[PDB]
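Worksheet for the structure shown next.
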Amino acid sequence: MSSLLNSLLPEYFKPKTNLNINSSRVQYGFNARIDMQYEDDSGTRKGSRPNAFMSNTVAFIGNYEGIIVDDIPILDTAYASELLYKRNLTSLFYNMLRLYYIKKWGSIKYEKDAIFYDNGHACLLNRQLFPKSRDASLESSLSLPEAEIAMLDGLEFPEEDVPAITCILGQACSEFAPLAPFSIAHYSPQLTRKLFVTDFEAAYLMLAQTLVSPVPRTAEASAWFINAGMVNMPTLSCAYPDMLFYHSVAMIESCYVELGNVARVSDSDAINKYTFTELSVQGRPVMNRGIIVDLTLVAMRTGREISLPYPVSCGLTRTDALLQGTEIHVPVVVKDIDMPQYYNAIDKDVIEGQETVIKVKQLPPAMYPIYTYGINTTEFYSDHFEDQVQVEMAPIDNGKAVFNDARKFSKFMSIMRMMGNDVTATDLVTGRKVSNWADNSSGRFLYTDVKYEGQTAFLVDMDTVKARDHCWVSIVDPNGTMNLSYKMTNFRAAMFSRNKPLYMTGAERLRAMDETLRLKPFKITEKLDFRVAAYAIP
Amino acid sequence: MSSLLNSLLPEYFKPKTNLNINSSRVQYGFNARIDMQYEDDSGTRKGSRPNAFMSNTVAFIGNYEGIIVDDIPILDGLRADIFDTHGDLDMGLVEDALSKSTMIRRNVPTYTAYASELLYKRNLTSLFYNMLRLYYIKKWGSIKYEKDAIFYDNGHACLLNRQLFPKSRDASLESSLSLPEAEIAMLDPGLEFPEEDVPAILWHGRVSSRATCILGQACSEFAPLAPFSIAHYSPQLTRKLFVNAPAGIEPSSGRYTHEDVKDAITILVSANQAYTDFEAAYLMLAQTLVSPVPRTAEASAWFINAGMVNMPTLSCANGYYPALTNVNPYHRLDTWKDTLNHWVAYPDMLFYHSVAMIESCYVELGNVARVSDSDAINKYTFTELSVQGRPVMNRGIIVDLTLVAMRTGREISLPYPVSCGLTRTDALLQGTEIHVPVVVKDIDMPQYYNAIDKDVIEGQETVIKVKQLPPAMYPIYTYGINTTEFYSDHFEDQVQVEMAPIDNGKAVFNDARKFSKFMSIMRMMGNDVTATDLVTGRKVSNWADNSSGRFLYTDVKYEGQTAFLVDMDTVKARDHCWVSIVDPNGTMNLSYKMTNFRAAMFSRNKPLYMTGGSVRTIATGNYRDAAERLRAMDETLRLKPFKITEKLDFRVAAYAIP
Numbered sequence: 001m002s003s004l005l006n007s008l009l010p011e012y013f014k015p016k017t018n019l020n021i022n023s024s025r026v027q028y029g030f031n032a033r034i035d036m037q038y039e040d041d042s043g044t045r046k047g048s049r050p051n052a053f054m055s056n057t058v059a060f061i062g063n064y065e066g067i068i069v070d071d072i073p074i075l076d112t113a114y115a116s117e118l119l120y121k122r123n124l125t126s127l128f129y130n131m132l133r134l135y136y137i138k139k140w141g142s143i144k145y146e147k148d149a150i151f152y153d154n155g156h157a158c159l160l161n162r163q164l165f166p167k168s169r170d171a172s173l174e175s176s177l178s179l180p181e182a183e184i185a186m187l188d190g191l192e193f194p195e196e197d198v199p200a201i212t213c214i215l216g217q218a219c220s221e222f223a224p225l226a227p228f229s230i231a232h233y234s235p236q237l238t239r240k241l242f243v276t277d278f279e280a281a282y283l284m285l286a287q288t289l290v291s292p293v294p295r296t297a298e299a300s301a302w303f304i305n306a307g308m309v310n311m312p313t314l315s316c317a346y347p348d349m350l351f352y353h354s355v356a357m358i359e360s361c362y363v364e365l366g367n368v369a370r371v372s373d374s375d376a377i378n379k380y381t382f383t384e385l386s387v388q389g390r391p392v393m394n395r396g397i398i399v400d401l402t403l404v405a406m407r408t409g410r411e412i413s414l415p416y417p418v419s420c421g422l423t424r425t426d427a428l429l430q431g432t433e434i435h436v437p438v439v440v441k442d443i444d445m446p447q448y449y450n451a452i453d454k455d456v457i458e459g460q461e462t463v464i465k466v467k468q469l470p471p472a473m474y475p476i477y478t479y480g481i482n483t484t485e486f487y488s489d490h491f492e493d494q495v496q497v498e499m500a501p502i503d504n505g506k507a508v509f510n511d512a513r514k515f516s517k518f519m520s521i522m523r524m525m526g527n528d529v530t531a532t533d534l535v536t537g538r539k540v541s542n543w544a545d546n547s548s549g550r551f552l553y554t555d556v557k558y559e560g561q562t563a564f565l566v567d568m569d570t571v572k573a574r575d576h577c578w579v580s581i582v583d584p585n586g587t588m589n590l591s592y593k594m595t596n597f598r599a600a601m602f603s604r605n606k607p608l609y610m611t612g627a628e629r630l631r632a633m634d635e636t637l638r639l640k641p642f643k644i645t646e647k648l649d650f651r652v653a654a655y656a657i658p
Numbered sequence: 001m002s003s004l005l006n007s008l009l010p011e012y013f014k015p016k017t018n019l020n021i022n023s024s025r026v027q028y029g030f031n032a033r034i035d036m037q038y039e040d041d042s043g044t045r046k047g048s049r050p051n052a053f054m055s056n057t058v059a060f061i062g063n064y065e066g067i068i069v070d071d072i073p074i075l076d077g078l079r080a081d082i083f084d085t086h087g088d089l090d091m092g093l094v095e096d097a098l099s100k101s102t103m104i105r106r107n108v109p110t111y112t113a114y115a116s117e118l119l120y121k122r123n124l125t126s127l128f129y130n131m132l133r134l135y136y137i138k139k140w141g142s143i144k145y146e147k148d149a150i151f152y153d154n155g156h157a158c159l160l161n162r163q164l165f166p167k168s169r170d171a172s173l174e175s176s177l178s179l180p181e182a183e184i185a186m187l188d189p190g191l192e193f194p195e196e197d198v199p200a201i202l203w204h205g206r207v208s209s210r211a212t213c214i215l216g217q218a219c220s221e222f223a224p225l226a227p228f229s230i231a232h233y234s235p236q237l238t239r240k241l242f243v244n245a246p247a248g249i250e251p252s253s254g255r256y257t258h259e260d261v262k263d264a265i266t267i268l269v270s271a272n273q274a275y276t277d278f279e280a281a282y283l284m285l286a287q288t289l290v291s292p293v294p295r296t297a298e299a300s301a302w303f304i305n306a307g308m309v310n311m312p313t314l315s316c317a318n319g320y321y322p323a324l325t326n327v328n329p330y331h332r333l334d335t336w337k338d339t340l341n342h343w344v345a346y347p348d349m350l351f352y353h354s355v356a357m358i359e360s361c362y363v364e365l366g367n368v369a370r371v372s373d374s375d376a377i378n379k380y381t382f383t384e385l386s387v388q389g390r391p392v393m394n395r396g397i398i399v400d401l402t403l404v405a406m407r408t409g410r411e412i413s414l415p416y417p418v419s420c421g422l423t424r425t426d427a428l429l430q431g432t433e434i435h436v437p438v439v440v441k442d443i444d445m446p447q448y449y450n451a452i453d454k455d456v457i458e459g460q461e462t463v464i465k466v467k468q469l470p471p472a473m474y475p476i477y478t479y480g481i482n483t484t485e486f487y488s489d490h491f492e493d494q495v496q497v498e499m500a501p502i503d504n505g506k507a508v509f510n511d512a513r514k515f516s517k518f519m520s521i522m523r524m525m526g527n528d529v530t531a532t533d534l535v536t537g538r539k540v541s542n543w544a545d546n547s548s549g550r551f552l553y554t555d556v557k558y559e560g561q562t563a564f565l566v567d568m569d570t571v572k573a574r575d576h577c578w579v580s581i582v583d584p585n586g587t588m589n590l591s592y593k594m595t596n597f598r599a600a601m602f603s604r605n606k607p608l609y610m611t612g613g614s615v616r617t618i619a620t621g622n623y624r625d626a627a628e629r630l631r632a633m634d635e636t637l638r639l640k641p642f643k644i645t646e647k648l649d650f651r652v653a654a655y656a657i658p
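Below is the structure:
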């Protein structure tokens with residue numbers, strides 16, 4: 001559905017036809033201009049950040065598995116009556132589209148002993164997260180066999197379990223058995239053995287989910303991509347190409363941003379992680395799985411009613427790591443000796459080179475809003491164009507300021523980050539050090555960087571406030587009530603690949633509203649807690 | 001359907017009966033008067049071509065291959081009593097009808113049991129199709145096909161008949177086929193149980209000595225030597241054919257003329273009551289009679305791989321049940337005999353109906369190939385939304401009739417949703433590169449064409465890579481009835497190229513639309529312009545055709561960014577009856593006007609004239625008013641007298657009327 005996914009892109013950005021991708025990693029963002037204005041009891045200070053780059057990172061690596069399931073027929112004598120109620124060519128077009136992009140971008144290298152995430156304290160290699168893998172190019176990954184394409188001559193009885201519609215059709219129907227973990231070369235079962243000689279729209283949306291996978295914002299956000307997500311491919315029965351990259355990035359961003367909020371919803375409300383899809387959908391699908399889950403999250407993001415002609419339930423299901431009451435064991439590598447102080451590690455004493463495991467209870471946000479920046483602003487992300495943040499500074503006793511409240515602590519470290527001051531605080535309950543400079547790519551502070559669900563009080567170190575990036579606005583000693591008023595203008599999209607700039611080249629409405637799928641949006645209603653999110657009907 | 005194919009012909013076109021075709025190539029078109037004008041700051045330069053010939057070359061060659069498929073039964077012909085209110089064979093009235101007939105009493109119970117299967121075997125389209133091809137093979141039998149002949153030539157690239165059609169020996173159309181005869185046995189009325197998988201037909205009186213030879217050859221394999229359009233490959237329809245004729249079948253004569261095939265058809269349709277079957281066969285042949293010679297060298301991608309013809313299996317069970325066919329048949333539409341009556345009167349009119357259909361299709365497939373897949377009505381799903389019936393499979397005539405509906409902009413209605421004939425949209429739906437062979441003439445070829453080699457000596461066999469399919473025909477019969485801005489087939493048109501004196505003749509066209517109109521109108525004025533793309537570095541020439549004399553944007557042979565540098569001091573006068581651009585300064589304004597239209601046809605570089613009587617628009621009413629009249633003049637020989645009258649001379653006699 002082109003017109004749907006085309007709407008998600010920002011109004012200022014209009015991309016060109018061709019895009020020569022020559023790597024397994026692409027940064028995308030914008031170069032904005034920030035005009036900050038500071039006021040406190042000491043006096044006033046005015047500055048301006050001339051060029052600020054806010055970006056996510058997306059890759060072509062994601063462990064997926066295919067299952068053949070029975071879905072609804074797309075309707076767009113004895114034998115005909117049995118066959119017409121199972122007609123679906125979506126699985127055939129899906130494989131034909133994957134073969135197109137394997138040949139086009141068939142020079143992408145996957146190295147086994149490469150980095151996946153790297154902050155400075157911890158590190159994840161591609162040996163971990165993807166065992167049973169070797170070093171191979173994308174063209175060298177698959178060695179597809181060929182199914183028998185026979186000619187249908190007068191034959192009176194249709195042979196059962198064979199559809200009726212050379213090298214491309216032969217390989218499209220065959221089994222996919224990859225060596226390197228690639229997004230568009232994932233394991234798929236055999237469609238058919240023989241093949242005698276709106277369905278495309280389903281396959282187009284189904285590939286937009288799979289094509290690219292997010293590189294995690296922090297080390298804790300690797301918990302999403304441990305367990306292999308299942309791709310529901312329908313059973314095969316019948317009786346501007348490069349623009350897909352931008353539509354795919356737009357879709358997976360919208361899903362992984364909104365799951366950041368759904369994860370924080372308490373399991374004692376009307377709309378919760380279990381019963382959010384069922385309340386949203388207003389059709390009759392086979393099961394609330396695949397695309398229905400993803401398009402529900404896009405509706406919640408944009409805040410508009412999305413509509414498909416047929417209630418199709420085919421594609422990747424992401425909400426698997428979310429729907430289980432168990433802490434997830436992310437395997438990590440120790441780079442600095444002081445790692446156990448920051449991350450919730452099993453072994454409290456470690457050495458540089460040791461392979462340990464960290465515990466993740468609540469799933470943090472995997473991506474920050476970039477394309478969907480300021481279309482609807484929540485208090486959690488605080489992705490405003492114009493905003494006036496007001497916070498009251500705690501009394502500095504010796505060289506330490508106690509922040510008992512949770513909301514005030516979030517606003518304080520959010521200001522000091524925009525000014526460009528690397529502040530480090532100690533959580534009193536756990537006894538672990540939090541830092542506002544957690545993510546370098548996106549220049550903002552989320553409350554999930556604390557890495558402790560529940561209630562606590564923070565002891566901020568005001569003496570050891572380092573000066574990483576200093577504009578004229580930037581001050582070290584706050585006094586009384588801190589007011590910061592910033593304005594964002596002059597947005598321009600920029601893409602980076604392999605640490606260099608990647609440039610773009612080239627009569628009556630018979631309603632019939634009974635069978636059609638409709639997805640209703642939910643609006644976030646902020647409340648006093650700030651740690652908990654809550655949904656309501658608009 | 002004679003009616004819908006008749007409306008496609010232009011208003012000025014007044015056709016006659018006979019057309020004496022004596023070659024395998026015809027240039028149909030029209031003569032128009034073009035009043036061109038070139039306005040500039042210096043002054044205006046007027047021109048006028050009184051006879052401007054816009055043509056589309058059409059040949060009698062084209063690779064096709066027949067396959068026998070299963071299609072719906074056509075129920076028009078059977079008596080109206082056995083049918084129910086809804087319109088399906090109510091079995092129970094069939095048993096009643098067979099009982100009250102002249103049938104053998106011991107056969108009634110065994111024949112009634114078989115009725116459930118055999119009565120739904122009614123499709124004679126395959127037989128009529130082959131018998132129509134035998135008519136035209138014997139009529140236009142003297143046309144020749146040479147092996148080492150020029151299929152296409154534009155000066156730069158040449159394409160021979162050896163390249164497209166291998167396994168091809170040079171021979172005349174008459175000497176191409178050597179048809180073996182199938183057995184025509186006589187049906188014994190006292191047969192115990194009907195033999196299914198063997199069709200039995202009806203006949204009026206005695207099967208003549210020549211009718212045996214025609215039916216024998218019609219139900220046989222076509223194995224041609226030369227690749228002719230009306231003598232393409234067809235499988236064996238049947239091995240044996242029963243004929244329920246009480247008067248015995250005479251043995252095969254061996255020889256027959258084209259007039260004897262018309263005699264065979266008229267008896268077969270009348271006896272079997274199969275007029276809707278003939279209408280299907282008429283539309284099938286209309287598609288696959290003539291194929292278009294490609295407009296450009298790179299427009300040969302349509303005719304590389306052989307398009308499959310869908311011939312429905314020969315199945316008829318009228319011979320076993322003579323009682324069920326009578327003088328009161330069941331028919332859906334009242335105008336169900338119009339297609340046969342038109343063919344019997346004017347056989348040669350099919351040539352004009354054929355070119356009208358292929359010109360309508362290949363024009364629309366031109367501007368269908370230039371739409372992105374990400375759209376509602378696109379390459380794959382343009383047939384499904386248009387069709388409002390229940391055909392078995394969207395192929396054959398359904399795909400060709402829906403393209404005609406888009407061209408004319410009207411609603412086409414058929415009585416039965418039959419899916420038989422040629423399927424054209426084959427190379428389009430594949431959506432891959434096609435490798436057309438070419439023999440080079442000049443040495444500077446691969447700058448213009450997207451060739452595989454960059455340096456090629458003259459007389460070398462190379463390959464051109466065609467990605468997007470260019471239009472194979474230009475609209476001529478459908479000129480300015482449903483106009484689009486791509487073809488730009490207007491009566492009046494103008495273009496404004498804006499230049500300043502500071503620029504020394506050099507103009508850059510940022511817009512793609514007005515670049516197309518400038519290059520096209522300059523060719524009417526007889527000027528050889530050669531533009532060069534600034535981004536890529538390729539070259540395009542407006543002189544890329546010798547038939548229509550227009551420039552379509554698909555002649556660039558590349559989709560990219562638009563920056564065409566045209567140097568206006570290298571413009572060369574090529575043709576006669578031309579306006580001169582000696583040295584332009586300031587803003588240029590080109591314009592033309594087409595005023596009158598006269599139908600013209602060419603063959604062997606000579607005028608081909610239409611002869612015979614004046615063709616009329618035959619209606620159902622025009623014959624049945626003479627049936628209403630009946631010639632009701634009582635057939636009584638009333639002789640009236642003449643009174644002799646005497647005058648001055650008296651030697652000579654003079655008779656008066658009263």
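Quick note, the sequences are listed as chains V and D, same order.
Read left to right, the first sequence gives residues 1 to 76, 112 to 188, 190 to 201, 212 to 243, 276 to 317, 346 to 612, 627 to 658 (the deposited numbering).
If you number the second sequence the way the deposited numbering does, the last residue is 658 and the count never jumps.
The C-beta atom is built at its ideal place from N, Cα and C for all residues, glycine as well.
Original post:
Between residue 291(V) and chain D, is there a C-beta pair that is closer than 8 Å?
Top reply: Sequence index remark: in the first sequence, residue 291(V) carries index 213 (1-based). So no, residue 291(V) is outside the interface.
Original post:
Residues in its own chain within less than 7 Å of residue 441(V) by CB, not counting five upstream and five downstream?
Top reply: For the purposes of this step, residue 441(V) is taken as residue 335 along the first sequence, with counting starting at 1. Contacts found: 155, 156, 157, 158 and 458.
Original post:
In chain order, what residues of the same chain lie with their CB nearer than 8 Å to the CB of residue 24(V), ignoring the 5 residues before and after it?
Top reply: Sequence index remark: in the first sequence, residue 24(V) carries index 24 (1-based). So the list reads 59, 60, 61, 143, 144 and 145, once near-sequence residues are dropped.
**OP:** With a cut-off of 8 Å on the beta carbons, I'd call residue 499(D) and residue 588(D) a contact; round off their distance for me.
**Re:** As a position in the second sequence, residue 499(D) is number 499, starting the count at 1. As a position in the second sequence, residue 588(D) is number 588, starting the count at 1. Right, the Cβ-Cβ distance comes to about 7 Å (below 8 Å), so this counts as a contact.
Subject >> Interface flag, residue 190(V) vs chain D, CB-CB below 8 Å >> reply: As a working note, residue 190(V) is residue 154 in the first sequence. Chain D, which has a Cβ nearer than 8 Å to the Cβ of residue 190(V), makes this yes.
Subject >> Span of the alpha helix (DSSP H) around residue 470(D) >> reply: Along the second sequence, read from residue 1 onward, the residue named residue 470(D) stands at position 470. Run containing residue 470(D): none; DSSP gives neither H nor E here.
Subject >> DSSP-derived helix/strand/coil call for residue 521(V) >> reply: Stepping through the first sequence from its first residue, residue 521(V) is reached at position 415. The answer is helix: DSSP assigns residue 521(V) an H, G or I state.
Original post:
Taking 8 Å as the CB-CB cut-off, is residue 609(V) touching chain D?
Top reply: Locating residue 609(V) in the first sequence gives position 503, counting from the first residue. No, no contact with chain D.
Original post:
In chain order, what residues of the segment 52–76 of chain D put their CB closer than 7 Å to some CB of chain V?
Top reply: 68 and 70
Original post:
How about residue 354(D): is its C-beta nearer than 8 Å to some C-beta of chain V?
Top reply: For the purposes of this step, residue 354(D) is identified with residue 354 of the second sequence, where counting begins at 1. Residue 354(D) does not count as touching chain V.
Subject >> Boundaries (first-last residue) of the alpha helix (DSSP H) holding residue 358(V) >> reply: As a working note, residue 358(V) is residue 252 in the first sequence. Residues 350–368.
Original post:
Expressed to the nearest angstrom, what Euclidean distance is found between the alpha-carbon atoms of residue 223(V) and residue 177(V)?
Top reply: By one-based count along the first sequence, residue 223(V) stands at place 177. By one-based count along the first sequence, residue 177(V) stands at place 142. Taking the straight line from one Cα to the other gives about 6 Å.
**OP:** Can you tell me which of 371(V), 136(V), 192(V) and 199(V) puts its alpha carbon nearest to the alpha carbon of residue 288(V)?
**Re:** Position 210 of the first sequence, counting from 1, holds the residue named residue 288(V). Here the closest residue by C-alpha is 136(V).
Original post:
If you compare alpha carbons, which of 644(V), 443(V), 373(V) and 416(V) is closest to residue 431(V)?
Top reply: Locating residue 431(V) in the first sequence gives position 325, where the first residue counts as 1. Of the listed residues, the one whose Cα sits closest to residue 431(V) is 373(V).
Subject >> DSSP three-state assignment for residue 393(V), whether helix, strand or coil >> reply: Along the first sequence, read from residue 1 onward, the residue named residue 393(V) stands at position 287. Reduced to three states, the DSSP call for residue 393(V) is coil.
**OP:** Would you kindly work out how many angstroms separate the C-alpha atoms of residue 650(D) and residue 629(D), rounded to a whole number?
**Re:** Taking the second sequence and counting its residues from 1, one reaches residue 650(D) at position 650. Taking the second sequence and counting its residues from 1, one reaches residue 629(D) at position 629. Going by the C-alpha atoms only, they are around 46 Å apart.
Original post:
Is residue 433(D) close to chain V, meaning its C-beta is less than 8 Å from at least one C-beta of that chain?
Top reply: Translated into positions along the second sequence, residue 433(D) becomes position 433. Not one chain V Cβ lies under 8 Å of residue 433(D).
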